[PDB]
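Chemist: One structure follows; several queries about it will come next.
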Amino acid sequence: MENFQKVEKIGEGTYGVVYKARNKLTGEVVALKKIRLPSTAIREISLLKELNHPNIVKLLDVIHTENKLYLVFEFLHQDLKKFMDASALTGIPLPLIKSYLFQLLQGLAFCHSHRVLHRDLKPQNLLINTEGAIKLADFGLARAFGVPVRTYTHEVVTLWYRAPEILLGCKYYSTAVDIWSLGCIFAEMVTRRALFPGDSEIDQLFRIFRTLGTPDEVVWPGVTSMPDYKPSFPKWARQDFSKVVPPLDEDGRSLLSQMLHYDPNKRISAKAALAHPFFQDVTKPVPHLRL
Ligand SMILES: Cn1cc(NC(=O)c2cc(-c3ccccc3)nc3ccnn23)cn1
């Protein structure tokens with residue numbers, strides 16, 4: 001932190017402070033993330049420097065010096081959480097929602113093709129720029145560092161986007177967990193409200209069940225044998241997506257339903273989702289960004 005001049009706190013991320021900083025040698029403005037605390041993690045994280053795609057926030061460097069771990073990322077000026085808050089009177093226009101979803105699916109398809117999962121997608125790690133791009137930040141890190149209940153400064157890590165197999169204690173994640181999260185985000189962009197804003201693991205799980213119906217062996221073979229499944233769960237009926245995400249059209253609702261299948265083996269893949277009729281008329285609009 002002397003071969004970075006000018007260093008400012010951006011926010012508090014899942015693993016430590018995030019700073020905006022200028023690289024000394026190069027003049028470039030970067031995001032610098034301090035990871036608060038392991039050699040297995042270093043090689044794993046290091047591999048992510050090769051995982052480069054236009055819809056993935058570039059990992060520029062892994063700095064392991066002075067027994068500290070810093071990740072240096074490409075810097076973007078706004079996140080989707082802030083953008084949706086700024087867009088709340090009018091909503092994000094459907095063509096821009098569509099562009100963002102399509103781009104995010106391209107990013108997921110890339111990473112999934114290389115056997116890399118995110119596992120903690122949320123609006124705060126989706127970053128936007130002035131050119132209409134959106135990018136996924138922090139891919140691959142959960143496999144390396146875990147996902148805590150609370151961050152270094154005691155902020156509660158959100159459960160809102162967590163897939164039901166994770167909440168039911170399945171110990172092997174698949175790429176389907178990212179599709180679920182993205183489906184949740186899609187619904188939130190459309191309705192301007194989080195889809196499942198749980199404030200505890202059971203509240204999260206029951207909010208899912210009260211919308212999508214309590215899962216059973218018909219819709220999710222194997223569910224009743226999951227580690228944290230209890231036969232005493234209340235049995236709620238499923239709601240129609242026409243009630244959950246109006247005014248989304250039938251193409252959008254169909255796609256959302258497939259992203260929110262209970263059984264992770266039934267849930268649509270990113271690559272398949274890109275071929276969905278919802279994207280037949282996709283475009284790349286310019287967002288209105290105030291920086
Ligand atoms: C991995 N990675 C993170 C980023 N950037 C961000 O996190 C980021 C930074 C800032 C920011 C605001 C005022 C002054 C300085 C910075 N505002 C937002 C709003 C949303 N994100 N964000 C770039 N790369």
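By convention here, the chains of the structure tokens are called A, B, ... in the order presented, each chain's residues are numbered starting at 1, and ligands are numbered starting at 1 in the order presented.
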Return as a count of residues only the residues of protein, DNA or RNA that approach ligand 1 to within 7 Å, with only C-alpha atoms and all ligand atoms taken into account.

Modeler: 18

Chemist: Could you list, as a list in words, every residue within 7 Å of stretch 221-230 of chain A, counting only C-alpha atoms and ignoring same-chain residues fewer than 5 positions away?

Modeler: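 Contacts, with the query itself left out: residues 168, 169, 170 and 216 of chain A.
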
Chemist: Which residue, A:232, A:211, A:129, A:175, has the smallest gap to residue A:267 when you use only C-alpha atoms?

Modeler: A:175

Chemist: Per residue of stretch 22-116 of chain A within 12 Å of stretch 141-160 of chain A, which atom pair is closest and at what distance in Å (one decimal), using only C-alpha atoms, listed by chain and increasing number, as CSV?

Modeler:
residue,atom,partner,partner_atom,distance
A:33,CA,A:141,CA,11.9
A:34,CA,A:152,CA,10.8
A:35,CA,A:145,CA,8.9
A:36,CA,A:152,CA,7.4
A:37,CA,A:145,CA,8.5
A:38,CA,A:145,CA,9.2
A:39,CA,A:144,CA,10.1
A:40,CA,A:144,CA,7.7
A:41,CA,A:144,CA,5.0
A:42,CA,A:144,CA,8.2
A:43,CA,A:144,CA,9.2
A:44,CA,A:144,CA,6.5
A:45,CA,A:141,CA,6.8
A:46,CA,A:144,CA,10.4
A:47,CA,A:141,CA,10.8
A:48,CA,A:141,CA,8.8
A:49,CA,A:141,CA,11.8
A:59,CA,A:141,CA,11.2
A:69,CA,A:145,CA,11.5
A:71,CA,A:141,CA,10.6
A:115,CA,A:143,CA,11.2
A:116,CA,A:143,CA,8.7

Chemist: Those residues with C-alpha atoms, as a compact mmCIF listing (two decimals), in the first residue's frame please?

Modeler:
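Everything below was put into result.txt:
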# COMPACT_ATOMS: atom_id res chain seq x y z
CA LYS A 33 -10.19 -6.27 -1.72
CA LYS A 34 -8.53 -7.24 1.53
CA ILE A 35 -9.36 -10.82 2.46
CA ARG A 36 -9.46 -11.33 6.22
CA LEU A 37 -8.38 -14.78 7.36
CA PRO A 38 -4.18 -20.81 3.89
CA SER A 39 -2.17 -22.16 0.97
CA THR A 40 -4.92 -24.24 -0.70
CA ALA A 41 -6.91 -20.98 -1.16
CA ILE A 42 -3.95 -19.23 -2.84
CA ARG A 43 -3.61 -21.70 -5.75
CA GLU A 44 -7.38 -21.92 -6.23
CA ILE A 45 -7.79 -18.12 -6.27
CA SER A 46 -4.73 -17.83 -8.50
CA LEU A 47 -6.37 -20.04 -11.16
CA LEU A 48 -9.17 -17.44 -11.41
CA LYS A 49 -6.71 -14.98 -13.02
CA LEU A 59 -9.16 -10.43 -11.46
CA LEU A 69 -4.07 -11.55 0.86
CA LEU A 71 -7.29 -9.26 -4.62
CA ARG A 115 -16.28 -25.83 -13.72
CA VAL A 116 -16.30 -22.65 -11.69

Chemist: DSSP on the backbone: which residues in stretch 87-263 of chain A end up as strand (DSSP E)? Give the answer as a PDB file with N, CA and C atoms, in the first residue's frame.

Modeler:
ATOM      1  N   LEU A 126     -23.055  -7.676  -8.670  1.00  0.00           N
ATOM      2  CA  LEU A 126     -23.264  -7.466 -10.088  1.00  0.00           C
ATOM      3  C   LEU A 126     -22.967  -6.017 -10.434  1.00  0.00           C
ATOM      4  N   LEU A 127     -21.916  -5.794 -11.234  1.00  0.00           N
ATOM      5  CA  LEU A 127     -21.451  -4.421 -11.454  1.00  0.00           C
ATOM      6  C   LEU A 127     -21.759  -3.973 -12.876  1.00  0.00           C
ATOM      7  N   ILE A 128     -22.085  -2.674 -12.991  1.00  0.00           N
ATOM      8  CA  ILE A 128     -22.498  -2.103 -14.251  1.00  0.00           C
ATOM      9  C   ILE A 128     -21.561  -0.954 -14.632  1.00  0.00           C
ATOM     10  N   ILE A 134     -22.949  -5.468 -17.859  1.00  0.00           N
ATOM     11  CA  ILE A 134     -23.031  -5.906 -16.483  1.00  0.00           C
ATOM     12  C   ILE A 134     -22.087  -7.099 -16.326  1.00  0.00           C
ATOM     13  N   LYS A 135     -21.438  -7.161 -15.161  1.00  0.00           N
ATOM     14  CA  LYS A 135     -20.412  -8.145 -14.901  1.00  0.00           C
ATOM     15  C   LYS A 135     -20.617  -8.735 -13.507  1.00  0.00           C
ATOM     16  N   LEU A 136     -20.245  -9.998 -13.426  1.00  0.00           N
ATOM     17  CA  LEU A 136     -20.290 -10.748 -12.158  1.00  0.00           C
ATOM     18  C   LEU A 136     -18.975 -10.651 -11.409  1.00  0.00           C
TER      19      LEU A 136
END

Chemist: With distances taken over only C-alpha atoms, which residue among A:121, A:104, A:60, A:96 lies nearest residue A:83?

Modeler: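 Counting only C-alpha atoms, the residue closest to residue A:83 is A:96.
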
Chemist: Quick one: everything within 8 Å of residue A:164, counting only C-alpha atoms, minus sequence neighbours fewer than 2 positions away in the same chain. Send it as a ChimeraX atom specification.

Modeler: /A:162,166-168,205,208,262

Chemist: Can those selected residues be exported to a file as a PDB file, in the first residue's frame so that it contains C-alpha atoms?

Modeler:
ATOM      1  CA  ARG A 162     -29.791 -18.902  -1.617  1.00  0.00           C
ATOM      2  CA  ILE A 166     -28.281 -25.251   0.180  1.00  0.00           C
ATOM      3  CA  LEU A 167     -30.859 -24.319   2.846  1.00  0.00           C
ATOM      4  CA  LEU A 168     -31.871 -28.027   3.130  1.00  0.00           C
ATOM      5  CA  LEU A 205     -36.945 -21.585   3.334  1.00  0.00           C
ATOM      6  CA  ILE A 208     -39.720 -20.001  -0.808  1.00  0.00           C
ATOM      7  CA  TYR A 262     -36.893 -27.039  -6.973  1.00  0.00           C
TER       8      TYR A 262
END

Chemist: List every residue of stretch 62-189 of chain A that DSSP, applied to the backbone of this structure, places in helix (DSSP H, G or I), and write the result as an NGL selection string.

Modeler: :A and (80-86 or 94-113 or 123-125 or 141-145 or 164-167 or 176-189)

Chemist: When distances are computed from only C-alpha atoms, which of A:11, A:123, A:213, A:95 shows the smallest separation from residue A:240?

Modeler: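 Smallest separation from residue A:240 among the options: A:213.
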
Chemist: Rank nothing, just name the residue among A:103, A:283, A:181, A:90 nearest to residue A:259, using only C-alpha atoms.

Modeler: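 Of A:103, A:283, A:181, A:90, the one nearest residue A:259 is A:181, counting only C-alpha atoms.
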
Chemist: Can you list, as a ChimeraX atom specification, every protein, DNA or RNA residue that comes within 12 Å of residue A:7 when you count only C-alpha atoms, leaving out same-chain residues fewer than 4 positions away?

Modeler: /A:1-3,17-24,29-33

Chemist: Write to file, as a PDB file, in the first residue's frame, the residues of the selection just made, with N, CA, C and O atoms.

Modeler:
ATOM      1  N   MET A   1       0.864  -1.215   0.000  1.00  0.00           N
ATOM      2  CA  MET A   1       0.000   0.000   0.000  1.00  0.00           C
ATOM      3  C   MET A   1       0.884   1.243   0.000  1.00  0.00           C
ATOM      4  O   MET A   1       0.648   2.185   0.756  1.00  0.00           O
ATOM      5  N   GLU A   2       1.939   1.196  -0.817  1.00  0.00           N
ATOM      6  CA  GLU A   2       2.684   2.381  -1.202  1.00  0.00           C
ATOM      7  C   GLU A   2       2.933   2.311  -2.709  1.00  0.00           C
ATOM      8  O   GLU A   2       3.245   3.331  -3.327  1.00  0.00           O
ATOM      9  N   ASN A   3       2.812   1.097  -3.289  1.00  0.00           N
ATOM     10  CA  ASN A   3       2.701   0.934  -4.733  1.00  0.00           C
ATOM     11  C   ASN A   3       1.227   0.881  -5.135  1.00  0.00           C
ATOM     12  O   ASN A   3       0.890   0.210  -6.119  1.00  0.00           O
ATOM     13  N   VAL A  17     -12.417  -5.212   3.740  1.00  0.00           N
ATOM     14  CA  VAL A  17     -12.701  -3.918   3.171  1.00  0.00           C
ATOM     15  C   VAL A  17     -12.452  -4.007   1.660  1.00  0.00           C
ATOM     16  O   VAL A  17     -11.563  -4.704   1.193  1.00  0.00           O
ATOM     17  N   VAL A  18     -13.258  -3.267   0.909  1.00  0.00           N
ATOM     18  CA  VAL A  18     -12.998  -3.008  -0.493  1.00  0.00           C
ATOM     19  C   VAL A  18     -12.633  -1.539  -0.643  1.00  0.00           C
ATOM     20  O   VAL A  18     -13.333  -0.653  -0.150  1.00  0.00           O
ATOM     21  N   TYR A  19     -11.525  -1.304  -1.350  1.00  0.00           N
ATOM     22  CA  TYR A  19     -11.015   0.015  -1.604  1.00  0.00           C
ATOM     23  C   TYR A  19     -11.002   0.276  -3.120  1.00  0.00           C
ATOM     24  O   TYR A  19     -10.920  -0.631  -3.934  1.00  0.00           O
ATOM     25  N   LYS A  20     -11.156   1.552  -3.439  1.00  0.00           N
ATOM     26  CA  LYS A  20     -10.794   2.068  -4.739  1.00  0.00           C
ATOM     27  C   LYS A  20      -9.370   2.561  -4.601  1.00  0.00           C
ATOM     28  O   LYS A  20      -9.057   3.254  -3.620  1.00  0.00           O
ATOM     29  N   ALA A  21      -8.499   2.184  -5.544  1.00  0.00           N
ATOM     30  CA  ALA A  21      -7.106   2.554  -5.455  1.00  0.00           C
ATOM     31  C   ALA A  21      -6.487   2.764  -6.823  1.00  0.00           C
ATOM     32  O   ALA A  21      -7.027   2.307  -7.818  1.00  0.00           O
ATOM     33  N   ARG A  22      -5.400   3.550  -6.855  1.00  0.00           N
ATOM     34  CA  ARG A  22      -4.655   3.791  -8.074  1.00  0.00           C
ATOM     35  C   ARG A  22      -3.312   3.065  -8.020  1.00  0.00           C
ATOM     36  O   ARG A  22      -2.538   3.224  -7.073  1.00  0.00           O
ATOM     37  N   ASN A  23      -3.034   2.285  -9.055  1.00  0.00           N
ATOM     38  CA  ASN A  23      -1.788   1.549  -9.158  1.00  0.00           C
ATOM     39  C   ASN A  23      -0.675   2.536  -9.488  1.00  0.00           C
ATOM     40  O   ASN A  23      -0.834   3.377 -10.367  1.00  0.00           O
ATOM     41  N   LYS A  24       0.465   2.388  -8.796  1.00  0.00           N
ATOM     42  CA  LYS A  24       1.518   3.397  -8.800  1.00  0.00           C
ATOM     43  C   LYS A  24       2.222   3.443 -10.151  1.00  0.00           C
ATOM     44  O   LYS A  24       2.425   4.514 -10.719  1.00  0.00           O
ATOM     45  N   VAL A  29      -6.869   2.727 -12.109  1.00  0.00           N
ATOM     46  CA  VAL A  29      -7.810   2.701 -11.009  1.00  0.00           C
ATOM     47  C   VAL A  29      -8.371   1.296 -10.940  1.00  0.00           C
ATOM     48  O   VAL A  29      -8.814   0.753 -11.956  1.00  0.00           O
ATOM     49  N   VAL A  30      -8.265   0.690  -9.747  1.00  0.00           N
ATOM     50  CA  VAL A  30      -8.643  -0.676  -9.490  1.00  0.00           C
ATOM     51  C   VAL A  30      -9.465  -0.766  -8.205  1.00  0.00           C
ATOM     52  O   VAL A  30      -9.534   0.180  -7.411  1.00  0.00           O
ATOM     53  N   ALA A  31     -10.159  -1.910  -8.047  1.00  0.00           N
ATOM     54  CA  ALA A  31     -10.753  -2.260  -6.759  1.00  0.00           C
ATOM     55  C   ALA A  31      -9.808  -3.193  -6.024  1.00  0.00           C
ATOM     56  O   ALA A  31      -9.359  -4.177  -6.586  1.00  0.00           O
ATOM     57  N   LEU A  32      -9.530  -2.884  -4.763  1.00  0.00           N
ATOM     58  CA  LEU A  32      -8.602  -3.687  -4.001  1.00  0.00           C
ATOM     59  C   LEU A  32      -9.383  -4.243  -2.825  1.00  0.00           C
ATOM     60  O   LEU A  32      -9.903  -3.467  -2.021  1.00  0.00           O
ATOM     61  N   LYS A  33      -9.433  -5.574  -2.755  1.00  0.00           N
ATOM     62  CA  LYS A  33     -10.186  -6.271  -1.720  1.00  0.00           C
ATOM     63  C   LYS A  33      -9.229  -7.008  -0.779  1.00  0.00           C
ATOM     64  O   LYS A  33      -8.491  -7.894  -1.194  1.00  0.00           O
TER      65      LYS A  33
END

Chemist: Out of A:161, A:215, A:244, A:236, which residue has the shortest atom-to-atom distance to residue A:201 when counting only C-alpha atoms?

Modeler: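 Closest candidate: A:161.
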
Chemist: Pick from A:250, A:173, A:56, A:109: nearest to residue A:274, with only C-alpha atoms counted?

Modeler: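 Closest candidate: A:109.
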
Chemist: Work out how far apart atom CA of residue A:245 and atom CA of residue A:92 are and give it in Å to one decimal.

Modeler: 14.1 Å

Chemist: Would you work out the distance separating atom CA of residue A:119 from atom CA of residue A:199, expressed in Å to one decimal?

Modeler: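 These two atoms are separated by 18.5 Å.
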